[PDB]
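Novice:
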Amino acid sequence: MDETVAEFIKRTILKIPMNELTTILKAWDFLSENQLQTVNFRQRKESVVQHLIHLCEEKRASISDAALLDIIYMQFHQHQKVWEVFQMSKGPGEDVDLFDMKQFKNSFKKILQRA
Amino acid sequence: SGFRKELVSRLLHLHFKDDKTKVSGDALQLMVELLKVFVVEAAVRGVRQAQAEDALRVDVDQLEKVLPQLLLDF
Amino acid sequence: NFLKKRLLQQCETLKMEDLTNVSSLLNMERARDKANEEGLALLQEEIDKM
Amino acid sequence: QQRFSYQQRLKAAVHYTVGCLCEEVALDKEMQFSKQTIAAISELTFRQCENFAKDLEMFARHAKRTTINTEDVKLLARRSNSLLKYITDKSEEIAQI
Amino acid sequence: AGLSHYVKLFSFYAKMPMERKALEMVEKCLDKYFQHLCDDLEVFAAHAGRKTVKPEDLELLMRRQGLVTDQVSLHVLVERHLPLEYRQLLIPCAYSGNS
Amino acid sequence: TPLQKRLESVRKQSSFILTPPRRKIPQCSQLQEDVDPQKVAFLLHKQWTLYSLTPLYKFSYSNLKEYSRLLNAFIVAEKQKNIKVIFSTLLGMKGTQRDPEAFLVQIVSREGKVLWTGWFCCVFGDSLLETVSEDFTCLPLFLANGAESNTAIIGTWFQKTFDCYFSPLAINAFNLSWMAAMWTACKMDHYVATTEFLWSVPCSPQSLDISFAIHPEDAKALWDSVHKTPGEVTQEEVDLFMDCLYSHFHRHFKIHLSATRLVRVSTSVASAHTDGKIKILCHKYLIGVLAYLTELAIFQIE
Amino acid sequence: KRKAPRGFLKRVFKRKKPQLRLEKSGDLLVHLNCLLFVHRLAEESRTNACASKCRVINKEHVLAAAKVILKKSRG
DNA sequence: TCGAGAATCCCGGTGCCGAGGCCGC
DNA sequence: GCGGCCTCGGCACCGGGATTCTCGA
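Protein chains in written order, with the authors' numbering: chain N, 1 to 115; chain X, 8 to 81; chain Q, 111 to 124, 130 to 165; chain S, 10 to 106; chain T, 458 to 556; chain L, 25 to 105, 116 to 143, 152 to 344; chain W, 14 to 88.
#1: Within its chain, find whatever has a CB closer than 6 angstroms to the CB of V510 (chain T); leave out the 5 residues flanking it on each side and keep chain order.
#2: For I343 (chain L), tell me which candidate among L:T198, L:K70, L:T316, L:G167 has the shortest Cα-Cα distance.
#3: From the DSSP output, in three-state form, read off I320 (chain L) for me.
#4: By alpha-carbon positions, which one of L:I49, L:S33, L:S38, L:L42 ends up nearest to residue 111 (chain L)?
#5: Since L323 (chain L) and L183 (chain L) are thought to touch, with beta carbons under 8 angstroms apart, how far apart are those beta carbons, to the nearest angstrom?
#6: Can you tell me which of the three DSSP states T237 (chain L) falls into?
#7: Any Cβ of chain W within less than 8 angstroms of the Cβ of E46 (chain N)?
#8: Of all the options N:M74, N:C56, N:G91, N:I13, which has the alpha carbon lying nearest to the alpha carbon of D2 (chain N)?
#9: Please report the Cβ distance between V165 (chain L) and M127 (chain L), rounded to the nearest whole angstrom; I am assuming they are in contact, meaning their Cβ atoms lie under 8 angstroms.
#10: Between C228 (chain L) and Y327 (chain L), is the Cβ-Cβ spacing less than 8 angstroms?
#11: With the cut-off set at 8 angstroms, would you say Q56 (chain X) and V39 (chain X) are in Cβ contact?
#12: With a cut-off of 8 angstroms, do at least 3 Cβ pairs link the stretch 64 to 79 of chain L to the stretch 207 to 223 of chain L?
#13: In terms of residue numbering, what span does the beta strand (DSSP E) encompassing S122 (chain L) cover?
#14: I need the straight-line Cα distance from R70 (chain S) to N555 (chain T), nearest angstrom please.
#15: DSSP beta-bridge partners for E274 (chain L)?
#16: What are the boundary residues of the alpha helix (DSSP H) that includes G330 (chain L)?
#17: Any heavy atom of the ligand MN closer than 7 angstroms to the beta-carbon of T159 (chain L)?
#18: Would you call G129 (chain L) buried or exposed, if buried means 16 or more other Cβ atoms sit within 10 Å of its Cβ?
#19: For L487 (chain T), which of T:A505, T:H462, T:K472 has the nearest alpha-carbon?
#20: Can you have a look at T193 (chain L) and say buried or exposed, based on whether 16 or more other CB atoms are within 10 angstroms of its CB?
#21: Can you confirm whether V81 (chain W), when its beta carbon is compared against all beta carbons of chain X, has any partner nearer than 8 angstroms?
#22: Kindly list, in the order they appear in chain W, the residues whose Cβ is closer than 7 angstroms to that of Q50 (chain N).
#23: Within the chosen definition, does the stretch 20 to 32 of chain W reach the stretch 82 to 93 of chain L through at least 3 CB pairs nearer than 8 angstroms?
#24: Among L:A186, L:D177, L:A136, which one has its Cα closest to the Cα of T159 (chain L)?
#25: Of all Cβ atoms in chain N, is any one closer than 8 angstroms to the Cβ of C47 (chain W)?
#26: Under the three-state reduction of DSSP, which class applies to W83 (chain N): helix, strand or coil?
#27: Would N61 (chain W) and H44 (chain W) be called neighbours here (beta carbons separated by less than 8 angstroms)?
#28: Determine, using beta-carbon pairs with one atom in the stretch 60 to 76 of chain L and one in the stretch 314 to 323 of chain L, whether at least three such pairs fall under 8 angstroms.
#29: State buried or exposed for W83 (chain N), treating a residue as buried only when at least 16 other CB atoms are found within 10 Å of its CB.
#30: Looking at the unbroken beta strand (DSSP E) that takes in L77 (chain L), where does it start and where does it end?
#31: Contact defined as beta carbons within less than 8 angstroms: I believe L37 (chain X) pairs with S100 (chain S). What is the distance between those atoms, to the nearest angstrom?
#32: Do you know whose CA, among L:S39, L:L67, L:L170, L:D58, lies nearest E337 (chain L)'s CA?
#33: What is the DSSP secondary structure of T179 (chain L), reduced to helix, strand or coil?
#34: Can you tell me where the alpha helix (DSSP H) with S47 (chain N) in it begins and where it stops?
#35: Would you report the Cα separation of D66 (chain X) and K43 (chain X), rounded to the nearest angstrom?
#36: Classify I106 (chain S): buried if its beta carbon has 16 or more other beta carbons within 10 angstroms, exposed otherwise.
This is the structure we're talking about:
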């Protein structure tokens, strides 16, 4: 329900194949159990990619969760977009006693939006 | 004020494709009214799509996006 | 008449709405860029101050 | 020449009276009509006055008539509901005159 | 019926596959098209002062719809879309007995 | 003479009498006469999918407009089952003066978006000219590059109107190794691309492919190691170049590359695949690369 | 499709408005009006489809088509 | 000596035709 | 569960980003 967000959701919803439509749309949580019955997932591609995005127009979809849709799409399609492997290395000392997922999310977003 | 009589005679009669058709003052002042509300309606539609975009100015492009429904409607 | 031959004098010899509008948009963009340099450069001054 | 002196002089008259209308309708919604905005709305009034003249003549031709009466402009007011309602009361006010 | 005729003709007029859910809404579009037309023929025939709706009563209406012009008159518009045995009724042919 | 000459040619070819074609290193082919610089330069870095084209019956290089219309009206009709077809004689894609002038077939779509750009050329193909009658204008090579669907439509049109038949030219790994050797033997400068040999091992369950990409100057110095007779490259010299590749690959990875098959040999002169999508023409040696390609097309036709 | 229903248009013109005197072939003119109205619908809906680059006409393109053409086709 | 501009090696991010699925007879 | 229908997807050809390396502050 925004620029580069609604059509972004459209472009990531025609990406996902018809078989695993339920699997990815259930995990990203915007479509609750009641919302799944409204759209007939078995009918057509352009039908579902138009009714689902409307179901986010009423749900006022934001890029924060539109990107989560792309994440869940790739979690089942990780066998594309060839992956580099980065290897971190701490020096001498104790391990990371504080990898708080909240703190790591903060310490990553803050540093990335710093530059 | 309005779009006066000797001007409404002249403007309409310019687009008249023949010389023998006249429009009476009873209909002339109503023609004044209909194009006065042409200005009023085009202006209100433009400023309405302006609050729809929340502007303090009526720009060039607002009028261009209002013609597809202005000429269609009026 | 003189304005039509002014046409015939300039156009014969020889965007703008995009100019004005896009120039105002890009001026806001350069304000945003000055904000970007204020933020990035100052946070670089703090990072290299560290 | 004559076509230019005709339509440019009425373009001037349309701009002048439509600018009076611009000052008269700019005071309602506290708005200002820029120079190109007035220049545009004046030429749409001109261009669609061409449309009204095209319509109204064949409107009289439609009733096997040469003169233009109030039912012809009522058919010009037939186009839209909101100005049907607006022009109905303004037309009974016409008949008051 | 006839609305189903027009939605099927829509298929060969849009040259492109659509949805049935689109067709019952274009059915409401045709219903409102008549809801504007048959009272537009009403008011235009009343404008001419005639109880019936003569062919010129609709030529003016189609002038209103911008489809009749000084370039494209009424009869030429019949050439391009109506079949021959139907335009034989509308546009006057000539046998010294013009229809 | 009109047919029996071709029968004797078929006899000679099938005899297989001591074939090793000691080939002259592709000589720098200074662009002959017209050779429209814009057209030829557009025709170089395009991946031509080779075909073998039997001689065209009743063809003439005057009725190009009639064939253009006859094929344009056929292609858009295959869409009924926006497109312009421009037959264009190339005027210079010929080895000897007696060869038929190469001519193009371009599916031009509004603007000059050339969808297909066919290309029939007969350069240094005088093993076919002297065996076919005058009525046939023989162009053994056909060059696609457009989608396979449009090629399999213009080919049908050509079969219908000219009695010419398109076998998809498949360069076997032997001919592929040959051309991979004579292209690192050339006298070029400023090597555009590395000399890559895309091998493809014959494993039944899996389909591992190898890209033995050599530095183009390093392969030239490796070729000079196995190059002894100048002017002409022999089969033994080509095999020794290929075996120096083999003994630099089995040396490193202990897998016998000679037990695999070439599928693509990219070179600074011209890339060359096997399955048909073969000839990229990076440099302007294309009258020599096309000479080899036409000589190979004769092999398939004759 | 190569047809134009004589009966259906007359039945519609009588059902919707009970008081008219549509002429011998006036319903044929009504069919021409609807034919051209649906022409405009098809072409401007093709434009609507290219607006969102949808390769199938859907509800969201027809509803946008209606408010333009149906209003335009009003006399 | 060094800083911005252009070209081009390295690999995408795209275009587009066979394969698999799927709904009347 | 098949008949002419349709939709993903490997392969591959064409379009910008950063490294070369030449020139200006």
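Ideal Cβ placement from N, Cα and C applies to all residues, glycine included.
Specialist: Reading off the structure:
#1: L498, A502.
#2: Looking only at L:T198, L:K70, L:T316, L:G167, the smallest Cα-Cα distance to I343 (chain L) is reached by L:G167.
#3: Of the three classes helix, strand and coil, the one that applies to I320 (chain L) here is strand, per DSSP.
#4: Chain L lacks the residues between 105 and 116, and residue 111 (chain L) is one of those with no coordinates.
#5: Contact flag wrong, Cβ pair sits at about 12 angstroms.
#6: Strand.
#7: Taking Cβ atoms only, chain W reaches closer than 8 angstroms to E46 (chain N), which makes this a yes.
#8: From the listed residues N:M74, N:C56, N:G91, N:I13, the smallest Cα separation to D2 (chain N) is found for N:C56.
#9: Confirmed, Cβ separation roughly 6 angstroms.
#10: Yes, the Cβ-Cβ distance between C228 (chain L) and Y327 (chain L) is below 8 angstroms.
#11: Contact: no.
#12: Here the stretch 64 to 79 of chain L makes contact with the stretch 207 to 223 of chain L; the two share three or more CB pairs at distances below 8 angstroms.
#13: 118 to 123 is the extent of the beta strand (DSSP E) around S122 (chain L).
#14: Distance from the CA atom of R70 (chain S) to the CA atom of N555 (chain T), rounded to whole angstroms, is 24 angstroms.
#15: The partner list for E274 (chain L) (beta bridge, DSSP) reads L:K48.
#16: Its alpha helix (DSSP H) spans residues 328 to 343.
#17: No copy of the ligand MN appears in this structure; indeed no ligand is present at all.
#18: Residue environment analysis places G129 (chain L) among the buried positions, since at least 16 neighbouring C-beta atoms fall within 10 angstroms of its C-beta.
#19: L487 (chain T) has its Cα closest to that of T:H462, out of T:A505, T:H462, T:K472.
#20: Around the CB of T193 (chain L), 16 or more other CB atoms lie within 10 Å, so the residue is classed as buried.
#21: At a cut-off of 8 angstroms between C-beta atoms, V81 (chain W) counts as an interface residue with respect to chain X.
#22: Under the 7 angstroms cutoff, chain W gives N71, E73.
#23: Between the stretch 20 to 32 of chain W and the stretch 82 to 93 of chain L there are fewer than three inter-stretch CB-CB distances shorter than 8 angstroms, so the stretches are not counted as touching.
#24: The shortest C-alpha separation from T159 (chain L) is found at L:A186.
#25: No - not a single Cβ of chain N is within 8 angstroms of the one on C47 (chain W).
#26: Residue state, collapsed to three classes: coil.
#27: No, they are not a contact pair.
#28: The stretch 60 to 76 of chain L is in contact with the stretch 314 to 323 of chain L.
#29: Here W83 (chain N) is exposed, its C-beta having fewer than 16 other C-beta atoms within 10 Å.
#30: Judged by DSSP secondary structure, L77 (chain L) falls within the beta strand (DSSP E) whose first and last residues are 72 to 77.
#31: Contact between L37 (chain X) and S100 (chain S) is confirmed by a C-beta separation of about 7 angstroms, below the 8 angstroms threshold.
#32: Comparing Cα positions, the closest option is L:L170.
#33: Look at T179 (chain L) here: in three-state DSSP terms it is strand.
#34: Per DSSP, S47 (chain N) belongs to the alpha helix (DSSP H) from 45 to 57.
#35: If I take the Cα positions, the gap works out to 21 angstroms.
#36: Exposure of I106 (chain S) is indicated by the presence of fewer than 16 other C-beta atoms within 10 angstroms of its C-beta.
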